[PDB]
Each structure stands twice: as C-alpha cells, then as structure tokens.
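The chain below stands alone and is given in structure tokens; this is the form deposited in one PDB entry.
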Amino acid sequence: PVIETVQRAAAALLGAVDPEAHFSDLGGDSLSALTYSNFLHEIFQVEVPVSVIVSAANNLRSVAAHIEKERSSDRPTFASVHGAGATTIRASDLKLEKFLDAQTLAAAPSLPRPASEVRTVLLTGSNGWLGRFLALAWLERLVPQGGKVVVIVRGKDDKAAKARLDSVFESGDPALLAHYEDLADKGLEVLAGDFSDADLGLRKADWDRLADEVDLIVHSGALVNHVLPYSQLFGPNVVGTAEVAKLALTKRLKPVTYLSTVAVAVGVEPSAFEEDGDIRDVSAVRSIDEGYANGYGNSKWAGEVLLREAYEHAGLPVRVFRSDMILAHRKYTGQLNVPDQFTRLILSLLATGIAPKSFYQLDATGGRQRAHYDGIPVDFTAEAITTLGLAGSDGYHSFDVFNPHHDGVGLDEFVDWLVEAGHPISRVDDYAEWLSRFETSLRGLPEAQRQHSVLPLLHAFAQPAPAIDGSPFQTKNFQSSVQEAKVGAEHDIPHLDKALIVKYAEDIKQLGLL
C-alpha cells in the first residue's frame, strides 16, 4: 500500500509517522525533499515532485494520492516540451500550443484590449519576500479608489491560506501590522490555490470571475531555489507562468508584470545580454548542468520566453523585471528575506565571527580591490516595479533591476560597517584558510542556526569573486525609467548604506535567529 511506503521512507529519511503529518513538521526541508522525491520516484516509476511534498496544502496522504493517480494514468511536462532526457533546452521548444488549449489560442488575438483604469489586481506570490510589499503597494493605491487586490496563496483551504499571508506581516513591527490590517480588511481577497494546477487550483466559479474582473496580473510567485534541478522547477515556474498567461488571455486582455532574475544572464556574454531585447534571440539555447542556480535560471528564462510568445501571438502587454538580490526593507523591522543567500551570509558572519580579508580577488601585491554588491532594497524595488508595471498597458519591455553604481560598496565594506557598529568579526588573511575555518565553525553551530546559515550554499563561495565595480550588464532602461518616474527619495536607483547593513544585525536579533 502506497501510504505505508510513503510513511516508512519519511521515517527513515528524517529519523522519526502519521499520514496527516506534513513533511516540514517532521524536520523536512526542500533539500531532504529532493532525496525523498528521488527515492519515491525510483520505487514507483512516476514523477513525485518536490512541490507536492513541501506545499503547505499537502500532507503525506496527499503525496500517496499523487503517486496512486500517476500510476493509473495530462499536464505539460519536461518530456512533452523539451524531449525526455534532454541536457539542452531551446527557446523554440517553448511554444504556447504545448501549454494552452487551441480554443484559448484561436480566440486570443481578437480579445478586448486592456481596461483604461486598473481597479482590480491579481497578485501571485504575496506571502513571499517581494510579493508581500507588492501587495502592500497595490493596496495603498487601490483601497482609497474602492479597488481590490486578489491574491492566490498555497494552503489547505481559504482560511489557512489567509493565515499564512497574515503571519508574514507579524515581525515585531507594530506600524507594519496596523498598516496591513487597515488595508487588508478593506481591499484584500485571499484565495487558496496553486498556479501550477489547472484554473490556478481555484474553484471554477472563482476562476471565471477573475477572468472577467481582473485588470492587471502581477506574477511574482515562483519556486526560488538555487540547488534544485530544472525538472523540479518546471512545474511551478514554467507551467505556472503558462497558467497565469491563460488567465491573461481569457475573456479580455490583462497586462502582466513578470518577475525574473539576473540568473537568466548566466551563460550569456554581458555585452550580448540585451536588457530590452528579445530573450529568444539573446538566449536561444541553454544547457542543463550542475552549476550554481542552473535550474532556477533556466526556469525563469522559460517563463520569459512563454510570455514573449504570448505577446507575439495576441499582443498581450508584458513588463519583465529581472531582479538582483532584493535586500531588507529600510523602514519595517524584522523584514528581511530570511532564506536568501545574502541574509544567510550576514547571519553566518555574525555567528562564526570570522570573515576573509576580501571576498573578492586580491590584486598582484595581495591587496584588497574596489568591488560592488549588486543589491537593491525591497522598499525601492516594490515601488519601482508597481509604478513601471502600472505604466505597461501596451507593448513588451524588460528591465534589469540591478544596482549599476560604480560606488565601491561591496561585501568588504559591509563587514567593516558591522565591525564599526560593534559586532566582533575578525579578518582571516588567506581566503582558502577562511573558507575552511568558516565551514568548520558553521558545522559546529546549533541546528536551527546552522539551517539558517549559508552552509547549504557554501559552494557559491569556493573561489573569491571577481573584483567588479558596478554591474557588468545593461541597466539603462530600468535606471532611466526610474529617474523619469521619480521613484522614492533618490529619484534614481539607491546606494546601499551603513544603516541598511546594521539593520540586518538588528533584524536578526529581533527575529531570534542569532
């Protein structure tokens, strides 16, 4: 019986279990979920994706049910789109005929054009890091106009989904909580769902209603994971983007804001990475391999291609925003992206108390060189994306949301600033000696701190990074649009400063991550 194998495999893996238990409640995470996924895949000879195992809507019973369903026999797959066993993927593989039904595609070019006034916005990924502040930014604009923000969140039912979303605004900041509750009760609608499933995992009546009522879609949701392979991210990030596009191409046209990533530039020559070019020409072929964030980069690229196809077929207006590292909120306390690579690094440096002399390549004489960290704080990013996205009722344009300043503000300045603020971090001169001692210290930390540390991403720091000031990639469409729209206090992309970095240490203490 399938549930028995599911139970026993979980017990053996995690050192324990009830069929109503959730994998994460038993000590599971996204990486032990990969081990679990591969184990069950080999036993039952069916796909058992990580997403099925880790979804907040699913328990072990749900995993067993998924296996039973697959064993007795229609969604797009890696195999049906790219060909089974393929180690390279092409933009030409990703055609809309393989994701959307013929009737939707035939009717799409003649659909009514976008509404002149945006009153209702559908937002994906709202309980995520960036999405929560995109939700807030839309609520601030729309509530005073009698408008609505609808949000799809994973959960067992609408009540559980709402609870998950509410909890991300509880971080020890009274002003944040008050502001959220004020706006949410007036303008927020929360639906349990899943954008990798048909009809976005919704009740049919809700999906039909959204096809009629929604004026604009903000697609911020994705499985953001730097270790998982492309096959595991295909469902949430590629099929998911196609499901969002389907809604945008039903009943009437709905402009789409799509979140992407600097990782789509991997494998492309910086001079050839055209910020506002056609992504199908810029990156026509990509390889699947063991490189850092390869699967993630590929998955987000694939979504861009599909949306570009949707624009060319139906004139669907799209704005893509390729993010760098989206850093902490500069006002709201306890608000930082806890699982991101940067937060993990800062936490690890504070916890271990040791940093290298430089994170970057030394010069010929062994001296520290000028370097830049490609990061933008979320409060700026959320305002920029919302403003520029609202202006995107026509055409297709892309933005590189990277920090282009040749300001010499990088990881070594951040360590200096933490030391000047009173945090004991000693400098180890040899990078390879630091990296070795850093790893040892990390393994000696208590389990909670070690899991929150940079340990599972340490392979990104195998070599010192190149000493680059500014960004290698084009940023001029983003920078100039941000200057013209006069965004924030800067009327420009911000510089990262001492206040922001010291706030990381304060937020880490406030959340009890230590």
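Numbers for residues come from their place in the sequence shown, where the first is 1. In this text, rigid core is short for the largest set of C-alphas that superpose within 1.5 Å between two forms.
Although not depicted, the form deposited in another entry is the subject of the following passage.
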After superposing on the rigid core, which residue among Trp129, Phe169, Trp434, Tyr396 shows a C-alpha displacement of 2 Å or more between the shown form and the other one? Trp434
I want to check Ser110: does it shift between the shown form and the other one by 2 Å or more at the Cα, with the core superposed? no
Please say whether, between the shown form and the other one, the C-alpha of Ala205 moves by 2 Å or more once the core is aligned. no
Superposing on the rigid core, do we see a C-alpha displacement of 2 Å or more at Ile468 between the shown form and the other one? no
